[PDB]
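Report on one structure; see the data block that follows.
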Amino acid sequence: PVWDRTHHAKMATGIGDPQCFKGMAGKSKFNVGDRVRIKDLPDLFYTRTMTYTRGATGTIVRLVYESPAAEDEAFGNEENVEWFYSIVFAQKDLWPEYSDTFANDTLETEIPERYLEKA
Amino acid sequence: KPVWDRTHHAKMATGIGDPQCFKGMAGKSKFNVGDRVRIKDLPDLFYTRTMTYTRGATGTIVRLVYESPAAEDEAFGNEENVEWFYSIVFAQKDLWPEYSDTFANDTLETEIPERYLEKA
Amino acid sequence: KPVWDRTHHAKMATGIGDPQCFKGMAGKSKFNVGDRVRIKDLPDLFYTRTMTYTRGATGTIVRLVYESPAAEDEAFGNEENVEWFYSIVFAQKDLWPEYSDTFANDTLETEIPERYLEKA
Amino acid sequence: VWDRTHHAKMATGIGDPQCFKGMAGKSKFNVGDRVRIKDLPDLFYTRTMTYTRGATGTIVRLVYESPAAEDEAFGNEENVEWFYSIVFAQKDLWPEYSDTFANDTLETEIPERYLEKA
Amino acid sequence: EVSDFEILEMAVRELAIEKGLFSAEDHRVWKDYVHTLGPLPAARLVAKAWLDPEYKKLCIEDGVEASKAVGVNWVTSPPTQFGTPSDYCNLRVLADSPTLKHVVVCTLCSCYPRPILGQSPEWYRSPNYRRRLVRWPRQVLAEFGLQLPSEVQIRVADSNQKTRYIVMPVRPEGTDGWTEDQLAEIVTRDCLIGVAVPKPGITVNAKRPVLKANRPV
Amino acid sequence: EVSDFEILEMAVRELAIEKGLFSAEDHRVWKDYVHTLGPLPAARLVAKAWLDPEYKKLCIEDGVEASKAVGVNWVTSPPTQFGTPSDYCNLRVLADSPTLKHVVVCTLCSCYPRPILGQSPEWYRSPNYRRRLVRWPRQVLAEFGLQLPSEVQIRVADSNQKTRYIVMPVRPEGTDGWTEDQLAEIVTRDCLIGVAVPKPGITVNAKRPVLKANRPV
Amino acid sequence: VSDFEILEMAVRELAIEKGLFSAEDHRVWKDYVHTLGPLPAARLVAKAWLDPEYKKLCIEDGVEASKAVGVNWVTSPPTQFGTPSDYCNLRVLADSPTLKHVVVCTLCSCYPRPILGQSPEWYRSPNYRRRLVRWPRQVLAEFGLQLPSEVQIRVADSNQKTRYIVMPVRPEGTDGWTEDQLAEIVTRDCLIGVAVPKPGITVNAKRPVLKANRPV
Amino acid sequence: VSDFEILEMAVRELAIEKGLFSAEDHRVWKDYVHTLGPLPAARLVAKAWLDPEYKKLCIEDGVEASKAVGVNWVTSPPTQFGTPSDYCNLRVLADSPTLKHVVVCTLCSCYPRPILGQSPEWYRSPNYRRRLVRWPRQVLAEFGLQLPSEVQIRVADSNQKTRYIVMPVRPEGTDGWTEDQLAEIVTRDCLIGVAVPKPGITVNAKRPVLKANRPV
Amino acid sequence: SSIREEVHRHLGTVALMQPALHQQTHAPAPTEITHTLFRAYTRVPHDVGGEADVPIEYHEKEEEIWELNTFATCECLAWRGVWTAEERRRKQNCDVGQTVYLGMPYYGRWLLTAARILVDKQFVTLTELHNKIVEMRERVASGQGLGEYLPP
Amino acid sequence: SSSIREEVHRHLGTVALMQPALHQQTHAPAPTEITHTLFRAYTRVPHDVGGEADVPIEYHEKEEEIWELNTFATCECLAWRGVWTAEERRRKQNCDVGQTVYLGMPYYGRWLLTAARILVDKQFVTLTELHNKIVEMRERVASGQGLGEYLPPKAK
Amino acid sequence: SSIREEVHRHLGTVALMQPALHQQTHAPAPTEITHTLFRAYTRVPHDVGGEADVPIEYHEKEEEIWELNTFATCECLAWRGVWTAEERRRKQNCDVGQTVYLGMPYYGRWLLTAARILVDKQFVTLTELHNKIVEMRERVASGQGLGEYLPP
Amino acid sequence: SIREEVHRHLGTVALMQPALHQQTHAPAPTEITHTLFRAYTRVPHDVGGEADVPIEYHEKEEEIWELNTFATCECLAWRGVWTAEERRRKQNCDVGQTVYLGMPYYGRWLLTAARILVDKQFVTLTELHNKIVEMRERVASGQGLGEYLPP
Ligand SMILES: [Co+3]
Ligand SMILES: [Co+3]
Ligand SMILES: [Co+3]
Ligand SMILES: [Co+3]
């Protein structure tokens, strides 16, 4: 069993990561402004989509870049690339006890397209 | 990209068995039946099948059971090296400080690969 | 402020002993040697000397040991009532469900005041 | 054995701690005095919180006279002492308190026995 | 089914009455008294203080005397006629100001000014509130939705002895010409404890979860 | 009423088959193989050794060769033709004597001589048994109802490598003239593990609590 | 100086100052404790082995039999009404070929101090108090003692006013032995029941000894 | 020496012996790490305050804007493809009179190392990672920062390849200040969001410092 | 949301699994008790101010009929001179010990202590209390009811 | 009685939950807080429990779950066909899972988790495929299509 | 020897890491107390017979000077009628509560309870006890000595 | 200092916080609910939202070995032994709950660096174990230990 130790460097040198995956995801399924709900996909072994965001609805504020999902990259699988989105959630929609006094507080984090569905 | 050889074990052990398929690959044994040996406290990081309760204890080799790669190597797909495995008998009193003299003849037998052994 | 009688016990037991000083004060015993009795599961709030492990178990009275106030009362300075104490033998199998049949003759003997006893 | 009428006969129509008024004599301290809290043994009972031990505060009021809780809680009301309301700067109690909230304080009451001139 | 608590409660009460420690009448009298307790008197006291500078001075200097103005005599109103055994007779009123805001707690237990405020909130008795408020007041208050300028002196009052407190918050803006009743109406229990400030239009404590009792009163 | 385990089991199995790691037939073949396993072959080996001194010597010296006599070839009986992957091919028979009694365990896991003995008992796999037997064998055996003279050497065998063991108990009194079938009958699974000794009239493991599965085989 | 030593001094001084007990009472009690030990109990067992009639008395009336070894449960202690914690109802448990006794106090540490001395540290341990009554064979085995499965092992839990000492069966190899020779092999552990007497063994089995910060 | 130092030596020697990376690579990386710090980020904020056009670039393209302060996320690191752990997608979060950002990595310790240096010990603590996203108002208050209830506090959780730095609003009392004077008050804590710049304050708020067994 | 509910249930459950060095105490020897541990063990359980704790969504709780009855009983016992509130607090919030102090309910401690004072000051023997408990149980078991908790 | 004895034994078991202790939570302590003793304890292999003190428990037998038998067969078949050797399985299953899962989850639960693990670690399936396969099985059940021999298709 | 010592320390240390579902209790509502829990919490601490425990190598322990003095004090107090041994046991082995019962040493409980009876029966006020402790501490700290424990 | 004793006390009593402590010893499948199943199979690094107490945050000086571990981990990625994502998965999740919170931050980085060398077979576990043995003896003999300890 031989591991290819030059692949990443040959691909990203002079370009950068995630810039080296640019254009590989194709057309984005969502766009800025769309309201999306976070799917509660099985998180067995690995995931970078926090449990606290599961089932919550937020707003897409930016398509940040293209890249393999961490779920795949973390296991040496970079063949599939998808769009990543920066999503904003109202704190009250995450934490039931959040005070109405701070009704404008939010939380912004990035989620790969696979976890999203039209709200 | 990595390709795993899924037929090697079967090609090697079919009709022969494991650990029979490793017979003779360890060479001359470093120890023999009757030798008093002490168990070296080698690092156990990540994996080991030589129980902590035997570390530093002295026992007697009562049998050379077979030849085989150490579990420490086999558990990670490394079978290139084969060594002798020994069945060792420990006096219970030498393992447990509290063991009663009333049961002074009680013993414990277990197997340990050559790498963990040194002359008592 | 309350005045505590610090001479009562000494005046009552000197030259006699505890529990000899309570002899006869219990009257007639409700049970006798040989009787089979079950231990009542009386409320044990705040204090008791009748172990939980004996509650609901059946044993045999093997001796009427002496007379004395129950610990439940004595431990709170209440000695006006005196009762009979019984030494009871329990079969280990009746206390511990997992006890081995190999040791079917093992028992446990302990003392319990009359208030916890009921004919079995 | 127990006198169950004493308290009622003493405080009825007067109130508690009003019924102990004057029994403490002269106060050892006065409003404005800076005092440090003694770390007296707290075995069995105490109403002077551990978080105040060894801290220095300012007396802002002599609230009333009463036997210490340490004695009252055990049926001993023979001795009566002055009680003081003391103000502590939060930073003197909690090492991590932020300088941003430097005016914050904590006020509580402590009987004379726990006080010493700072 | 009845709980072990209900079984024991019956046992203790029946035994106490049988031994003549207190009567069945005494017990009913006390429950009736407790039933009449509420925060209205405290709210009225604050409204009166907002409208009368002299009375406010009285509240600040002698809460016991001031409490009489709202019909609550800490010594004679309770059935004992020597104050309730647990609340005593030394009420102090804490006056907030543009540079001072108070919040109360009893870290040792649940000491509360029952005679004039009523029964204490379940959360007021929690080890959590009792542990955190004295050390992280701003954090705890923020959780209740209350925040004050950093320069404002937040003062935590720990009722560890015989004194009981009620907070007299500053009169909120937008209440010009309001009557005493209108003012008292926005001074809720929470404002009197200090975890909230009065606001025109808010006449009930903030809604929070309500744990139900197995067999409620 | 499907549990997370059954859901994951289906997922793993279907994925393995889809990727050609093993076939559906392979899976059925392995299950059929397991169904043919039991403690009878081992009990039979003990009875034969009890009746044949030369065979006994063979058992003690070369368990693999001796196992063939009871129809269990550690190399060729399993579907693989190279012994089961987890039990290997190095069985050793431990012969008890008037001065030696053996008991087996796998402190590291659950290593058991499946090919000749069948599946291991739930308790044999327990952290409790695995922690205690090697250090307090007399105490553990007593709980099982077994006691040996203090002079007798109790030997605990910890199968931590590729060797698997079965215990050959001493032939019990009251079996004069008994046939092979009669003798093998009192050599229960427990006897082959060492937590019990064979006794005339006892042909089944000691009765102990049985924990029910949600969806039993 | 530790917190326990400071508190011990505080309590003792306060008690004496308030006249609850005298400085003399305290010295007298410490002197009494210093004369206690397993010797009398050992001698009771030896005399029992050497006189069947005395043995009968030991079995039926421990208190009366104790006098023969100089221990009057009522008058030996300074109180003249027995020690406050040990009381006056000693029972002697006689082992036999079919019965073997072992003692414990699951509620605390009740021990026959007047005739046996102070209790072992392990005897007072929550561990011994939880296990003996339920796994006596296992606990005894740890002590190095094992008895036939048919023999009745009886655990005596002294939860009330009775205190017990165990009279072990006389061991073989003691023919013609005198009272002193026999008393010498009956150790504290034999009297508790976690061991049996054996010729040549005159001291409890060696065990780790936890040192005190400031020993008596 | 500790078990950690022994293992560190073992791993490095093994990696070098197997030719995974060279001794030169290791020294080169340590040298690179040594040049990292909060200065470039502070200068970016200062430049943004002094240039509206540049501020817009910062907000829209952090990577491009970063080049102005001498930090090229792709070519500055020795790899020439960005550091392996920080990637190449820096985003600058601009505070406003109605918006205040605070950053965290709940999954680990993700930090914009290339432009800001090494992360604070508390930043990687399970405690900070657990609480900030849920109780930002409380956590910030502990840091001595409080914002109007109307202001939107936005917590940014860097759970993927994006790294963030906070561009706080320019404080009052800095009229006519030069780029150097302004950059000077933009501390590491300000760039993380747990503090806001203040005239006269040029260092992080003092807090306890746990000492290393073998530092620097 | 059933998903949000599972999420919050998850956040709560993982707390049960917080790793720790769990040292059970089994009557350690004096030499194992430092001054720090001595002070911690001899503390008064009710003194919790300043102790670290987490944020919890504060809630109100309906009053149980037995709680109201317990409160009235305790105040009546004080009213009639069986004890003062301070004696109650000491027995109720301190004498019950650390385990019961935080393991049992607020009013549960009030009630247990009311039962305590009756026995400690010898107004009732422990025997009478135990028998009263039994009588109360038998009353319920025979369908005879139990005050205004259970109708016959 | 039987009911009393049941409450007694239930009691004896429940009090163990209240055994006092000095409970010290660990929140990523500094290197200076880790002694050699602690280092060895943390880097130990979870399966090595021989000699550790434990209490006496009444041993019981347990029926094999259908999913357990299938899990066992899957693991042996994966080894039979060379995906791994039993030693690789043991190391991943009884050691790599870590202390918490090792004692917190069921025996066969670890076998199953590890079988899914080897498919992913040796890249025979992506983690994405495993996750999607899990969702697939769930939908199959919710839709009423049944799940193998565990649940038959919904009827009328 | 050194290796064996490390081996046994290890076997003892991993016990601290035994996984568990650790649920902290913070004065739960009455609705969270089942009959089973109520009985467990209101249990008498000294009743431990039959509880599962592990095997331990039993040891002897030298008697501390203060332990002997404490024993004598407790018996003398009984001798002179301040209390009977049963009152001591109830206060010493049960009233101390679960946490102190197993967290503190055997004689530590004897001593604390000896101090307790003096206060509970009002032979000394808690103030006198507290002041005596203070004076003892100063006595030691001044170099004046402390009985047979410390020479001046 | 009294205040010092006060704060030490406040920290110590936390150890005595009462609880219902249920040890888990390989429970049967019927004892695992979906909730427990999800809790046990969670990825350890996902802690956002979990309740925790306030603590006085502190800085920490960097240890020489920590700096070396960081550089080693980045160099391994630089040279393609792994990507940062593979490291995070192995380092912050694969290590499991106990080690994740029981061991030091950089302790996990270092253990994982050693782990990737073995899992990808760049070195055998035997080579790793032998290297550690040789290192231990190296320090013990007085020969020295790199820049950490002179000869
Ligand atoms: Co209170
Ligand atoms: Co195994
Ligand atoms: Co006792
Ligand atoms: Co991170």
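By convention in this document, the chains of the structure tokens carry letters A, B, ... by their order, each chain's residues are numbered from 1, and ligands are numbered from 1 in the order they are shown.
Listed by chain and then residue number, the contacts of ligand 1 are residues 86, 87, 105, 106, 107, 108, 109, 110, 111, 112, 113, 120, 124, 125, 130, 158, 159, 160, 161, 162 and 164 of chain E; 46, 89 and 93 of chain I (distance at most 10 Å, using only C-alpha atoms and all ligand atoms).
Residues in contact range of residue 43 (chain B), defined as at most 10 Å between only C-alpha atoms, with sequence neighbours fewer than 2 positions away removed, read residues 40, 41, 45, 46, 47 and 48 of chain B; 40, 43 and 44 of chain J; 125, 126, 128, 129, 130, 131, 132 and 133 of chain L.
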Site check for ligand 3: residues at most 9 Å away, only C-alpha atoms and all ligand atoms, as an NGL selection string: (:G and (85 or 104-111 or 124 or 158-160)) or (:K and (89))
I need the chosen residues saved as a PDB file, in the first residue's frame, with N, CA and C atoms.
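This is the output file selection15.pdb:
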ATOM      1  N   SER G  85     -19.405   1.364  75.985  1.00  0.00           N
ATOM      2  CA  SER G  85     -19.538   0.885  74.605  1.00  0.00           C
ATOM      3  C   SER G  85     -19.499  -0.626  74.361  1.00  0.00           C
ATOM      4  N   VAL G 104     -18.161  -9.856  62.936  1.00  0.00           N
ATOM      5  CA  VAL G 104     -18.127  -8.526  62.336  1.00  0.00           C
ATOM      6  C   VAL G 104     -19.222  -7.665  62.963  1.00  0.00           C
ATOM      7  N   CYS G 105     -19.142  -6.360  62.724  1.00  0.00           N
ATOM      8  CA  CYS G 105     -20.148  -5.403  63.179  1.00  0.00           C
ATOM      9  C   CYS G 105     -20.398  -4.546  61.951  1.00  0.00           C
ATOM     10  N   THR G 106     -21.408  -4.905  61.170  1.00  0.00           N
ATOM     11  CA  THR G 106     -21.689  -4.166  59.955  1.00  0.00           C
ATOM     12  C   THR G 106     -22.096  -2.721  60.203  1.00  0.00           C
ATOM     13  N   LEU G 107     -22.668  -2.446  61.370  1.00  0.00           N
ATOM     14  CA  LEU G 107     -23.095  -1.084  61.685  1.00  0.00           C
ATOM     15  C   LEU G 107     -21.940  -0.174  62.134  1.00  0.00           C
ATOM     16  N   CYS G 108     -20.848  -0.762  62.626  1.00  0.00           N
ATOM     17  CA  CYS G 108     -19.722   0.018  63.096  1.00  0.00           C
ATOM     18  C   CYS G 108     -18.408  -0.667  63.382  1.00  0.00           C
ATOM     19  N   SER G 109     -18.186  -1.061  64.630  1.00  0.00           N
ATOM     20  CA  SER G 109     -16.928  -1.712  64.982  1.00  0.00           C
ATOM     21  C   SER G 109     -17.004  -2.419  66.318  1.00  0.00           C
ATOM     22  N   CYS G 110     -18.213  -2.708  66.772  1.00  0.00           N
ATOM     23  CA  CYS G 110     -18.401  -3.424  68.028  1.00  0.00           C
ATOM     24  C   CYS G 110     -17.441  -4.606  68.201  1.00  0.00           C
ATOM     25  N   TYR G 111     -16.703  -4.564  69.295  1.00  0.00           N
ATOM     26  CA  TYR G 111     -15.651  -5.524  69.607  1.00  0.00           C
ATOM     27  C   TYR G 111     -15.630  -5.826  71.109  1.00  0.00           C
ATOM     28  N   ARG G 124     -12.773  -2.360  61.259  1.00  0.00           N
ATOM     29  CA  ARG G 124     -13.625  -1.181  61.277  1.00  0.00           C
ATOM     30  C   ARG G 124     -13.874  -0.631  59.880  1.00  0.00           C
ATOM     31  N   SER G 158     -22.557  -8.493  65.279  1.00  0.00           N
ATOM     32  CA  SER G 158     -22.894  -7.947  66.589  1.00  0.00           C
ATOM     33  C   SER G 158     -23.464  -6.539  66.483  1.00  0.00           C
ATOM     34  N   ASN G 159     -24.753  -6.482  66.162  1.00  0.00           N
ATOM     35  CA  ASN G 159     -25.476  -5.232  65.975  1.00  0.00           C
ATOM     36  C   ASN G 159     -26.177  -4.680  67.216  1.00  0.00           C
ATOM     37  N   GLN G 160     -26.160  -5.410  68.326  1.00  0.00           N
ATOM     38  CA  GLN G 160     -26.816  -4.896  69.530  1.00  0.00           C
ATOM     39  C   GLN G 160     -25.846  -4.821  70.708  1.00  0.00           C
TER      40      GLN G 160
ATOM     41  N   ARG K  89     -23.401   6.468  69.075  1.00  0.00           N
ATOM     42  CA  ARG K  89     -23.467   5.791  67.780  1.00  0.00           C
ATOM     43  C   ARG K  89     -24.420   6.458  66.804  1.00  0.00           C
TER      44      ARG K  89
END
Polymer residues at most 7 Å from residue 66 (chain I), only C-alpha atoms, same-chain spacing of 3 or more positions, as number ranges by chain: E: 6, 9; I: 69-70
Put those residues in a file: C-alpha atoms, as a short mmCIF file (atom, residue, chain, number, x, y, z; two decimals), in the first residue's frame.
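The file below, part_38.cif, is the result:
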data_model
loop_
_atom_site.label_atom_id
_atom_site.label_comp_id
_atom_site.auth_asym_id
_atom_site.auth_seq_id
_atom_site.Cartn_x
_atom_site.Cartn_y
_atom_site.Cartn_z
CA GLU E 6 -47.28 13.33 51.88
CA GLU E 9 -46.26 15.32 56.30
CA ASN I 69 -48.67 22.17 54.86
CA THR I 70 -45.01 21.62 55.74
#
Close residues, residue 90 (chain G) itself excluded, 9 Å, only C-alpha atoms, min 3 positions apart in chain, as a list in words: residues 61, 62, 63, 66, 73, 86, 87, 112, 161, 162, 163, 164 and 165 of chain G
Test item: chain D residues at most 10 Å from chain C, counting only C-alpha atoms, as a PyMOL selection string: chain D and resi 1-3+75-76
Mind writing the picked residues with N, CA, C and O atoms as a PDB file, in the first residue's frame?
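Result saved to again06.pdb:
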ATOM      1  N   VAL D   1     -39.361  19.864  80.206  1.00  0.00           N
ATOM      2  CA  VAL D   1     -37.893  20.111  80.152  1.00  0.00           C
ATOM      3  C   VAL D   1     -37.602  21.350  79.302  1.00  0.00           C
ATOM      4  O   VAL D   1     -36.694  22.122  79.611  1.00  0.00           O
ATOM      5  N   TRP D   2     -38.380  21.540  78.238  1.00  0.00           N
ATOM      6  CA  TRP D   2     -38.186  22.685  77.348  1.00  0.00           C
ATOM      7  C   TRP D   2     -39.212  23.791  77.565  1.00  0.00           C
ATOM      8  O   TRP D   2     -40.415  23.537  77.587  1.00  0.00           O
ATOM      9  N   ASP D   3     -38.727  25.020  77.716  1.00  0.00           N
ATOM     10  CA  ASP D   3     -39.598  26.170  77.934  1.00  0.00           C
ATOM     11  C   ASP D   3     -40.112  26.685  76.596  1.00  0.00           C
ATOM     12  O   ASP D   3     -39.406  27.396  75.879  1.00  0.00           O
ATOM     13  N   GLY D  75     -30.158  27.354  70.905  1.00  0.00           N
ATOM     14  CA  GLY D  75     -30.930  27.696  72.090  1.00  0.00           C
ATOM     15  C   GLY D  75     -30.227  28.523  73.151  1.00  0.00           C
ATOM     16  O   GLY D  75     -30.657  28.535  74.302  1.00  0.00           O
ATOM     17  N   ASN D  76     -29.160  29.220  72.775  1.00  0.00           N
ATOM     18  CA  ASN D  76     -28.406  30.042  73.720  1.00  0.00           C
ATOM     19  C   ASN D  76     -28.581  31.526  73.377  1.00  0.00           C
ATOM     20  O   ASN D  76     -27.919  32.049  72.476  1.00  0.00           O
TER      21      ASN D  76
END
Can you build me a table of chain F residues sitting at most 12 Å from chain K, with the closest atom pair per residue and its distance in Å to one decimal, using only C-alpha atoms, sorted by chain and residue number, as a tab-separated table?
residue	atom	partner	partner_atom	distance
F:127	CA	K:18	CA	11.4
F:128	CA	K:54	CA	10.9
F:131	CA	K:11	CA	10.4
F:132	CA	K:55	CA	9.6
F:135	CA	K:55	CA	10.1
F:136	CA	K:55	CA	8.7
F:139	CA	K:55	CA	9.8
F:140	CA	K:55	CA	11.4
Take the residues from that selection and put them in a file with N, CA, C and O atoms, as an mmCIF file, in the first residue's frame.
data_model
loop_
_atom_site.group_PDB
_atom_site.id
_atom_site.type_symbol
_atom_site.label_atom_id
_atom_site.label_comp_id
_atom_site.auth_asym_id
_atom_site.auth_seq_id
_atom_site.Cartn_x
_atom_site.Cartn_y
_atom_site.Cartn_z
ATOM 1 N N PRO F 127 -16.205 -7.473 31.716
ATOM 2 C CA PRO F 127 -15.003 -6.840 32.255
ATOM 3 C C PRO F 127 -14.761 -7.375 33.662
ATOM 4 O O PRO F 127 -13.618 -7.537 34.092
ATOM 5 N N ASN F 128 -15.850 -7.668 34.365
ATOM 6 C CA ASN F 128 -15.769 -8.167 35.736
ATOM 7 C C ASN F 128 -15.007 -9.487 35.864
ATOM 8 O O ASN F 128 -14.115 -9.618 36.702
ATOM 9 N N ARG F 131 -11.387 -9.022 34.880
ATOM 10 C CA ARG F 131 -10.570 -8.293 35.851
ATOM 11 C C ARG F 131 -10.185 -9.161 37.044
ATOM 12 O O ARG F 131 -9.032 -9.170 37.471
ATOM 13 N N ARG F 132 -11.170 -9.899 37.550
ATOM 14 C CA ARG F 132 -11.025 -10.718 38.748
ATOM 15 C C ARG F 132 -10.398 -12.105 38.729
ATOM 16 O O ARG F 132 -9.598 -12.416 39.604
ATOM 17 N N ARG F 135 -6.620 -12.638 39.337
ATOM 18 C CA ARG F 135 -6.102 -12.194 40.628
ATOM 19 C C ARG F 135 -6.752 -12.839 41.848
ATOM 20 O O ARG F 135 -6.096 -13.056 42.865
ATOM 21 N N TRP F 136 -8.036 -13.148 41.749
ATOM 22 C CA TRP F 136 -8.754 -13.777 42.852
ATOM 23 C C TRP F 136 -9.495 -15.005 42.326
ATOM 24 O O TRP F 136 -10.704 -15.142 42.517
ATOM 25 N N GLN F 139 -11.623 -16.954 44.853
ATOM 26 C CA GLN F 139 -12.832 -16.235 45.224
ATOM 27 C C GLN F 139 -13.893 -16.346 44.133
ATOM 28 O O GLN F 139 -15.059 -16.619 44.423
ATOM 29 N N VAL F 140 -13.487 -16.126 42.884
ATOM 30 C CA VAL F 140 -14.406 -16.217 41.757
ATOM 31 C C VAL F 140 -14.955 -17.642 41.609
ATOM 32 O O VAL F 140 -16.152 -17.835 41.412
#
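For region 66-121 of chain E, the set of residues given alpha helix (DSSP H) by DSSP on the backbone reads residues 66, 67, 114, 115, 116 and 117 of chain E.
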